[PDB]
file final_9.pdb (PDB, C-alpha atoms)
ATOM      1  CA  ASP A   1       0.000   0.000   0.000
ATOM      2  CA  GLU A   2       2.470   2.656  -1.226
ATOM      3  CA  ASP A   3       1.258   4.357  -4.434
ATOM      4  CA  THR A   4      -1.886   6.469  -4.569
ATOM      5  CA  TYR A   5      -4.728   6.253  -7.100
ATOM      6  CA  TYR A   6      -7.558   8.612  -8.071
ATOM      7  CA  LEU A   7     -11.105   7.349  -8.529
ATOM      8  CA  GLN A   8     -14.167   9.156  -9.916
ATOM      9  CA  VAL A   9     -17.718   8.119  -9.055
ATOM     10  CA  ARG A  10     -21.189   9.336 -10.017
ATOM     11  CA  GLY A  11     -23.721   9.726  -7.209
ATOM     12  CA  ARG A  12     -23.462  11.341  -3.776
ATOM     13  CA  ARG A  13     -24.534   8.146  -1.991
ATOM     14  CA  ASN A  14     -22.093   6.143  -4.128
ATOM     15  CA  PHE A  15     -19.341   8.570  -3.105
ATOM     16  CA  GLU A  16     -20.217   8.216   0.584
ATOM     17  CA  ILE A  17     -20.304   4.374   0.327
ATOM     18  CA  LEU A  18     -16.890   4.318  -1.304
ATOM     19  CA  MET A  19     -15.422   6.806   1.188
ATOM     20  CA  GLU A  20     -16.522   4.654   4.141
ATOM     21  CA  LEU A  21     -14.789   1.637   2.579
ATOM     22  CA  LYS A  22     -11.696   3.639   1.539
ATOM     23  CA  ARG A  23     -11.331   4.621   5.196
ATOM     24  CA  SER A  24     -11.633   1.031   6.433
ATOM     25  CA  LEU A  25      -9.224  -0.299   3.803
ATOM     26  CA  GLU A  26      -6.588   2.370   4.521
ATOM     27  CA  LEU A  27      -6.983   2.086   8.320
ATOM     28  CA  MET A  28      -6.538  -1.678   8.359
ATOM     29  CA  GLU A  29      -2.841  -1.149   7.473
ATOM     30  CA  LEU A  30      -2.386   0.473  10.921
ATOM     31  CA  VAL A  31      -3.524  -2.527  12.971
ATOM     32  CA  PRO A  32      -0.532  -3.901  14.924
ATOM     33  CA  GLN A  33       0.536  -7.199  13.451
ATOM     34  CA  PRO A  34      -0.209  -9.352  16.560
ATOM     35  CA  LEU A  35      -3.823  -8.144  16.451
ATOM     36  CA  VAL A  36      -4.142  -8.862  12.710
ATOM     37  CA  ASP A  37      -2.641 -12.305  13.043
ATOM     38  CA  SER A  38      -5.003 -13.107  15.898
ATOM     39  CA  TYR A  39      -8.083 -11.903  14.015
ATOM     40  CA  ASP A  40      -7.043 -13.960  10.983
ATOM     41  CA  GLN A  41      -6.422 -17.049  13.148
ATOM     42  CA  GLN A  42      -9.917 -16.958  14.686
ATOM     43  CA  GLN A  43     -11.684 -16.468  11.362
ATOM     44  CA  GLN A  44     -10.830 -20.105  10.599
TER
ATOM     45  CA  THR B   1     -19.159  13.318  -9.970
ATOM     46  CA  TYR B   2     -16.700  13.182  -7.054
ATOM     47  CA  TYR B   3     -13.027  12.339  -6.742
ATOM     48  CA  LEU B   4     -11.373  10.280  -4.091
ATOM     49  CA  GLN B   5      -7.814   9.151  -3.617
ATOM     50  CA  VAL B   6      -6.798   5.792  -2.190
ATOM     51  CA  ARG B   7      -3.422   4.360  -1.190
ATOM     52  CA  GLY B   8      -2.556   0.873  -2.346
ATOM     53  CA  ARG B   9      -3.074  -1.118  -5.523
ATOM     54  CA  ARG B  10      -5.329  -3.801  -4.037
ATOM     55  CA  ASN B  11      -7.417  -1.155  -2.277
ATOM     56  CA  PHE B  12      -7.849   0.713  -5.584
ATOM     57  CA  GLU B  13      -8.837  -2.480  -7.393
ATOM     58  CA  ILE B  14     -11.500  -3.322  -4.793
ATOM     59  CA  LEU B  15     -12.938   0.158  -4.856
ATOM     60  CA  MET B  16     -13.010   0.113  -8.680
ATOM     61  CA  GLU B  17     -14.952  -3.155  -8.698
ATOM     62  CA  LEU B  18     -17.472  -1.621  -6.335
ATOM     63  CA  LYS B  19     -17.683   1.624  -8.306
ATOM     64  CA  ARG B  20     -18.409  -0.418 -11.412
ATOM     65  CA  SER B  21     -21.144  -2.414  -9.667
ATOM     66  CA  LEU B  22     -22.796   0.723  -8.251
ATOM     67  CA  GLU B  23     -22.787   2.493 -11.607
ATOM     68  CA  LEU B  24     -23.854  -0.585 -13.609
ATOM     69  CA  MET B  25     -26.757  -1.121 -11.212
ATOM     70  CA  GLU B  26     -28.328   2.028 -12.737
ATOM     71  CA  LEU B  27     -28.424   0.254 -16.131
ATOM     72  CA  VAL B  28     -30.396  -2.767 -14.931
ATOM     73  CA  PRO B  29     -33.930  -2.768 -16.400
ATOM     74  CA  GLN B  30     -36.064  -1.532 -13.550
ATOM     75  CA  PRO B  31     -38.541  -4.468 -13.542
ATOM     76  CA  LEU B  32     -35.588  -6.782 -12.850
ATOM     77  CA  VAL B  33     -34.543  -4.561  -9.951
ATOM     78  CA  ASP B  34     -38.133  -4.687  -8.749
ATOM     79  CA  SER B  35     -38.219  -8.491  -8.952
ATOM     80  CA  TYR B  36     -34.873  -8.808  -7.155
ATOM     81  CA  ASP B  37     -35.991  -6.550  -4.311
ATOM     82  CA  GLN B  38     -39.319  -8.405  -4.031
ATOM     83  CA  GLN B  39     -37.627 -11.822  -3.801
ATOM     84  CA  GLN B  40     -35.442 -10.387  -1.032
ATOM     85  CA  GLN B  41     -38.386  -8.954   0.915
ATOM     86  CA  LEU B  42     -39.999 -12.390   0.619
ATOM     87  CA  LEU B  43     -36.927 -13.867   2.342
ATOM     88  CA  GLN B  44     -35.911 -11.281   4.960
TER
ATOM     89  CA  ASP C   1     -22.047 -16.301 -10.395
ATOM     90  CA  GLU C   2     -23.714 -19.683  -9.733
ATOM     91  CA  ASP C   3     -22.933 -20.994  -6.222
ATOM     92  CA  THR C   4     -24.080 -19.224  -3.074
ATOM     93  CA  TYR C   5     -21.991 -18.327  -0.015
ATOM     94  CA  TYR C   6     -22.865 -17.334   3.559
ATOM     95  CA  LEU C   7     -21.121 -14.441   5.282
ATOM     96  CA  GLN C   8     -21.279 -13.334   8.931
ATOM     97  CA  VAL C   9     -20.512  -9.778  10.025
ATOM     98  CA  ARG C  10     -20.412  -7.945  13.354
ATOM     99  CA  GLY C  11     -22.082  -4.533  13.496
ATOM    100  CA  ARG C  12     -25.468  -3.321  12.258
ATOM    101  CA  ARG C  13     -23.906  -0.568  10.131
ATOM    102  CA  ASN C  14     -21.369  -3.069   8.771
ATOM    103  CA  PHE C  15     -24.261  -5.369   7.847
ATOM    104  CA  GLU C  16     -26.107  -2.553   6.069
ATOM    105  CA  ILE C  17     -22.932  -1.504   4.158
ATOM    106  CA  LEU C  18     -22.358  -5.057   2.988
ATOM    107  CA  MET C  19     -26.017  -5.563   2.035
ATOM    108  CA  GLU C  20     -25.978  -2.450  -0.173
ATOM    109  CA  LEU C  21     -22.901  -3.785  -1.989
ATOM    110  CA  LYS C  22     -24.254  -7.362  -2.171
ATOM    111  CA  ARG C  23     -27.293  -5.924  -3.950
ATOM    112  CA  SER C  24     -25.194  -3.960  -6.448
ATOM    113  CA  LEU C  25     -22.880  -6.903  -7.135
ATOM    114  CA  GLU C  26     -25.761  -9.351  -7.682
ATOM    115  CA  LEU C  27     -27.794  -6.870  -9.776
ATOM    116  CA  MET C  28     -24.930  -6.098 -12.138
ATOM    117  CA  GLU C  29     -25.304  -9.634 -13.585
ATOM    118  CA  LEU C  30     -28.730  -8.569 -14.947
ATOM    119  CA  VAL C  31     -27.474  -5.675 -17.080
ATOM    120  CA  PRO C  32     -27.989  -6.543 -20.773
ATOM    121  CA  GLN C  33     -24.656  -7.226 -22.390
ATOM    122  CA  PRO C  34     -24.759  -4.306 -24.903
ATOM    123  CA  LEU C  35     -25.152  -1.889 -21.981
ATOM    124  CA  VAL C  36     -22.273  -3.486 -20.037
ATOM    125  CA  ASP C  37     -19.983  -3.473 -23.032
ATOM    126  CA  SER C  38     -20.771   0.178 -23.675
ATOM    127  CA  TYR C  39     -20.155   1.204 -20.062
ATOM    128  CA  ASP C  40     -16.843  -0.677 -20.087
ATOM    129  CA  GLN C  41     -15.824   0.929 -23.403
ATOM    130  CA  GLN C  42     -16.359   4.483 -22.112
ATOM    131  CA  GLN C  43     -14.484   3.896 -18.863
ATOM    132  CA  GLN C  44     -11.289   3.870 -20.943
TER
ATOM    133  CA  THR D   1     -23.832 -10.671  14.283
ATOM    134  CA  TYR D   2     -25.828 -10.952  11.041
ATOM    135  CA  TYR D   3     -25.854 -13.410   8.167
ATOM    136  CA  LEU D   4     -26.075 -12.647   4.511
ATOM    137  CA  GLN D   5     -25.959 -14.843   1.456
ATOM    138  CA  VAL D   6     -24.334 -13.874  -1.825
ATOM    139  CA  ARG D   7     -24.275 -15.548  -5.237
ATOM    140  CA  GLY D   8     -20.960 -15.844  -7.017
ATOM    141  CA  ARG D   9     -17.401 -16.604  -5.975
ATOM    142  CA  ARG D  10     -15.900 -13.239  -6.931
ATOM    143  CA  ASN D  11     -18.759 -11.409  -5.217
ATOM    144  CA  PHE D  12     -18.154 -13.434  -2.033
ATOM    145  CA  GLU D  13     -14.423 -12.723  -2.150
ATOM    146  CA  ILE D  14     -14.985  -8.964  -2.486
ATOM    147  CA  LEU D  15     -17.476  -8.888   0.336
ATOM    148  CA  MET D  16     -15.108 -10.921   2.549
ATOM    149  CA  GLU D  17     -12.277  -8.457   1.942
ATOM    150  CA  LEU D  18     -14.573  -5.633   2.962
ATOM    151  CA  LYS D  19     -15.888  -7.499   6.003
ATOM    152  CA  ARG D  20     -12.305  -8.042   7.103
ATOM    153  CA  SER D  21     -11.434  -4.359   6.667
ATOM    154  CA  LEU D  22     -14.527  -3.203   8.583
ATOM    155  CA  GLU D  23     -13.875  -5.571  11.475
ATOM    156  CA  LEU D  24     -10.105  -4.938  11.579
ATOM    157  CA  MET D  25     -10.750  -1.192  11.674
ATOM    158  CA  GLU D  26     -12.077  -1.719  15.233
ATOM    159  CA  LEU D  27      -8.614  -2.992  16.263
ATOM    160  CA  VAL D  28      -6.712   0.092  15.112
ATOM    161  CA  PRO D  29      -5.342   2.052  18.101
ATOM    162  CA  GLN D  30      -7.754   4.929  18.443
ATOM    163  CA  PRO D  31      -5.127   7.728  18.330
ATOM    164  CA  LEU D  32      -4.133   6.473  14.867
ATOM    165  CA  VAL D  33      -7.775   6.600  13.790
ATOM    166  CA  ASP D  34      -7.923  10.108  15.213
ATOM    167  CA  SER D  35      -4.810  11.173  13.291
ATOM    168  CA  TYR D  36      -6.104   9.634  10.053
ATOM    169  CA  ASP D  37      -9.449  11.414  10.343
ATOM    170  CA  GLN D  38      -7.719  14.714  11.185
ATOM    171  CA  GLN D  39      -5.412  14.513   8.147
ATOM    172  CA  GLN D  40      -8.512  13.906   6.020
ATOM    173  CA  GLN D  41     -10.420  16.862   7.480
ATOM    174  CA  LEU D  42      -7.333  18.965   6.741
ATOM    175  CA  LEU D  43      -7.637  17.939   3.075
ATOM    176  CA  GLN D  44     -11.389  17.827   2.378
TER
END
call {"tool": "encode", "arguments": {"input": "final_9.pdb", "output": "C-alpha cells"}}
result
Amino acid sequence: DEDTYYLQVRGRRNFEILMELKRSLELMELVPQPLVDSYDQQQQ
Amino acid sequence: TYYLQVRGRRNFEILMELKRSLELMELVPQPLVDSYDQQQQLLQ
Amino acid sequence: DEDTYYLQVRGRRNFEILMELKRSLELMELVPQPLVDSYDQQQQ
Amino acid sequence: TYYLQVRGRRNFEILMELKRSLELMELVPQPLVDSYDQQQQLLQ
C-alpha cells in the first residue's frame, strides 16, 4: 500500500459508500501485526 | 461526480470493482430490480 | 455467479454496508450485455 | 452478528475483503484513527 490512485464516481450516496470503505481499507494497514494475526487465526 | 484518492493497488482495485457495480446497477432494467428486491423482501 | 456463499458480520452498520454492496454486485449480472460493453468501453 | 448470502465466488471474495477491513478497523489504536481522520479533514 504505497502508491496512490484517483477514482471518480457518479452519485453522492455512491461517493459516501466508497469513502466509508476507503477509510476502512486504509486504516486496516495500521492494525498492529499481533492483532491482525489473531483476528485472521480466529476467522478459521 | 466526485473524486477520491486511495493508497494501495489492491485497495484501488477493490474500490473500482465496487464503483463499477454501483454504476452498472443504474443500467439494470427496472422491472428486474423490482423483482430482485421483491424476492429479497420475501426472504428477509 | 452460480454458487451461493454465507457471510457473517459484526455490526449493524457493517451489515447494512455489505447488504448495499451485495445488492449492487448481484444486480450487475442482470445488465444486458450491450449496456455493459458500452459502459466498459467508455471507462477507458 | 448478522448473516447474509451472496451468489458468485468473486462477489463473495470482495465482500469478505470488505468485512475483514470493517472488522479490523475496530482494532486500530484509536489515536491512529484520530490522526487519520484529522489529516482527512485537513484535506477535504
call {"tool": "residues_near_point", "arguments": {"input": "final_9.pdb", "point": "(-35.1, -12.7, -0.4)", "cutoff": "12 Å", "atoms": "all atoms listed in the file", "output": "list in words"}}
result
residues 34, 35, 36, 37, 38, 39, 40, 41, 42, 43 and 44 of chain B; 19 and 23 of chain C; 4, 5 and 6 of chain D
call {"tool": "closest_residue", "arguments": {"input": "final_9.pdb", "among": "B:28, B:22, B:14, B:7", "to": "residue 20 (chain C)", "atoms": "only C-alpha atoms"}}
result
B:22
call {"tool": "closest_atom_pairs", "arguments": {"input": "final_9.pdb", "of": "chain C", "to": "chain B", "cutoff": "7 Å", "atoms": "only C-alpha atoms", "output": "CSV"}}
result
residue,atom,partner,partner_atom,distance
C:24,CA,B:21,CA,5.4
C:25,CA,B:21,CA,5.4
C:27,CA,B:25,CA,6.0
C:28,CA,B:25,CA,5.4
C:30,CA,B:28,CA,6.0
C:31,CA,B:28,CA,4.6
call {"tool": "resolve_selection", "arguments": {"input": "final_9.pdb", "expression": "the PyMOL selection byres ((chain C) within 12 of (chain A))", "output": "number ranges by chain"}}
result
C: 7-9, 13-14, 16-21, 24, 43
call {"tool": "calpha_fit_and_write", "arguments": {"input": "final_9.pdb", "fixed": "chain A", "moving": "chain C", "output": "PDB file with C-alpha atoms, in the coordinates of the input"}}
result
ATOM      1  CA  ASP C   1       0.000   0.000   0.000  1.00  0.00           C
ATOM      2  CA  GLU C   2       2.470   2.656  -1.226  1.00  0.00           C
ATOM      3  CA  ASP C   3       1.258   4.357  -4.434  1.00  0.00           C
ATOM      4  CA  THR C   4      -1.885   6.469  -4.569  1.00  0.00           C
ATOM      5  CA  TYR C   5      -4.728   6.253  -7.099  1.00  0.00           C
ATOM      6  CA  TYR C   6      -7.559   8.612  -8.071  1.00  0.00           C
ATOM      7  CA  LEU C   7     -11.105   7.350  -8.529  1.00  0.00           C
ATOM      8  CA  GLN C   8     -14.167   9.156  -9.917  1.00  0.00           C
ATOM      9  CA  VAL C   9     -17.719   8.119  -9.055  1.00  0.00           C
ATOM     10  CA  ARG C  10     -21.189   9.336 -10.017  1.00  0.00           C
ATOM     11  CA  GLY C  11     -23.721   9.725  -7.209  1.00  0.00           C
ATOM     12  CA  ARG C  12     -23.462  11.342  -3.775  1.00  0.00           C
ATOM     13  CA  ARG C  13     -24.535   8.146  -1.992  1.00  0.00           C
ATOM     14  CA  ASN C  14     -22.093   6.143  -4.128  1.00  0.00           C
ATOM     15  CA  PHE C  15     -19.341   8.570  -3.105  1.00  0.00           C
ATOM     16  CA  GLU C  16     -20.216   8.216   0.584  1.00  0.00           C
ATOM     17  CA  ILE C  17     -20.304   4.374   0.327  1.00  0.00           C
ATOM     18  CA  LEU C  18     -16.890   4.318  -1.304  1.00  0.00           C
ATOM     19  CA  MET C  19     -15.422   6.806   1.187  1.00  0.00           C
ATOM     20  CA  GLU C  20     -16.522   4.654   4.141  1.00  0.00           C
ATOM     21  CA  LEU C  21     -14.789   1.637   2.579  1.00  0.00           C
ATOM     22  CA  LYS C  22     -11.696   3.639   1.539  1.00  0.00           C
ATOM     23  CA  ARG C  23     -11.331   4.621   5.196  1.00  0.00           C
ATOM     24  CA  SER C  24     -11.633   1.032   6.432  1.00  0.00           C
ATOM     25  CA  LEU C  25      -9.224  -0.298   3.803  1.00  0.00           C
ATOM     26  CA  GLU C  26      -6.587   2.370   4.521  1.00  0.00           C
ATOM     27  CA  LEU C  27      -6.983   2.087   8.321  1.00  0.00           C
ATOM     28  CA  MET C  28      -6.539  -1.679   8.359  1.00  0.00           C
ATOM     29  CA  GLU C  29      -2.841  -1.149   7.473  1.00  0.00           C
ATOM     30  CA  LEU C  30      -2.385   0.473  10.920  1.00  0.00           C
ATOM     31  CA  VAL C  31      -3.524  -2.527  12.971  1.00  0.00           C
ATOM     32  CA  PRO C  32      -0.532  -3.901  14.924  1.00  0.00           C
ATOM     33  CA  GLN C  33       0.536  -7.199  13.451  1.00  0.00           C
ATOM     34  CA  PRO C  34      -0.209  -9.352  16.559  1.00  0.00           C
ATOM     35  CA  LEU C  35      -3.823  -8.144  16.451  1.00  0.00           C
ATOM     36  CA  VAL C  36      -4.142  -8.863  12.710  1.00  0.00           C
ATOM     37  CA  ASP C  37      -2.641 -12.305  13.043  1.00  0.00           C
ATOM     38  CA  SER C  38      -5.002 -13.107  15.897  1.00  0.00           C
ATOM     39  CA  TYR C  39      -8.084 -11.903  14.015  1.00  0.00           C
ATOM     40  CA  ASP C  40      -7.043 -13.960  10.983  1.00  0.00           C
ATOM     41  CA  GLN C  41      -6.422 -17.049  13.148  1.00  0.00           C
ATOM     42  CA  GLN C  42      -9.917 -16.958  14.687  1.00  0.00           C
ATOM     43  CA  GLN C  43     -11.684 -16.468  11.362  1.00  0.00           C
ATOM     44  CA  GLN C  44     -10.830 -20.105  10.599  1.00  0.00           C
TER      45      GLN C  44
END
call {"tool": "atom_distance", "arguments": {"input": "final_9.pdb", "atom1": "CA of residue 9 (chain D)", "atom2": "CA of residue 1 (chain C)"}}
result
6.4 Å
call {"tool": "closest_residue", "arguments": {"input": "final_9.pdb", "among": "D:13, D:1, D:30, D:8", "to": "residue 12 (chain C)", "atoms": "only C-alpha atoms"}}
result
D:1
call {"tool": "atom_distance", "arguments": {"input": "final_9.pdb", "atom1": "CA of residue 26 (chain C)", "atom2": "CA of residue 11 (chain D)"}}
result
7.7 Å
call {"tool": "atom_distance", "arguments": {"input": "final_9.pdb", "atom1": "CA of residue 11 (chain C)", "atom2": "CA of residue 3 (chain D)"}}
result
11.0 Å
call {"tool": "axis_aligned_box", "arguments": {"input": "final_9.pdb", "around": "region 31-37 of chain D", "padding_each_side": "5 Å", "output": "lines of an AutoDock Vina configuration file"}}
result
center_x = -6.8
center_y = 8.9
center_z = 14.2
size_x = 15.3
size_y = 14.9
size_z = 18.3
